[PDB]
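Peer 1: Please read through the structure below; I'll follow up with questions.
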């Protein structure tokens, strides 16, 4: 392996998400989906994807495809299964994949969050920039 890449760009991809763990349902939730990506180039059905990793394993959720816009919004939220005993030992990683043949890109924008209740609090919807990590485009 060798060679790499990187970028900066003026604007940045934003992704809205509301974390809420219903100990009752012992299931993590990531509602309030609002991607903020200003760009144009073709068309694709972008969607949100929440991945959780528990001592037991991992999970993955997503919403209904939408029409890539300057500000897409969903109505429902994700639902990742987790145990309150794995809250401090579990994390929620958001990802924005573009509906493509085989998802030529892997991820459009990944976001990191916490369930323990540190990084991002519960029942507190907050915005967050996608850690695309790299150029991706071009």
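Peer 1: Would you mention how many residues in region 20-44 are over 15 Å from residue 98 (Cβ atoms), assigned to a strand (DSSP E or B) and either touching a helix residue (DSSP H, G or I) at 6+ places or on another chain (Cβ under 8 Å) or touching a residue at least 60 places away in the same chain (Cβ under 8 Å) (or both)?
Peer 2: Qualifying residue count, region 20-44: 8.
Peer 1: Now for a different question. Can you go through 47, 17 and tell me which one is within 14 Å of residue 98 (Cα to Cα) and out of contact with any helix residue (DSSP H, G or I) (no Cβ under 6 Å at 6 or more places or on another chain)?
Peer 2: 47
Peer 1: Here is a further query. Sort out which residues of region 82-98 are more than 15 Å from residue 51 (Cβ to Cβ) and within 15 Å of the chain's Cα centre (by Cα), and write them in order of number.
Peer 2: 98
Computed from the coordinates by the stated procedures, all read-outs in this text should not be read as laboratory data. In this analysis, Cβ positions are derived from the backbone assuming ideal geometry, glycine residues included, and neighbour counts consider all displayed protein chains.
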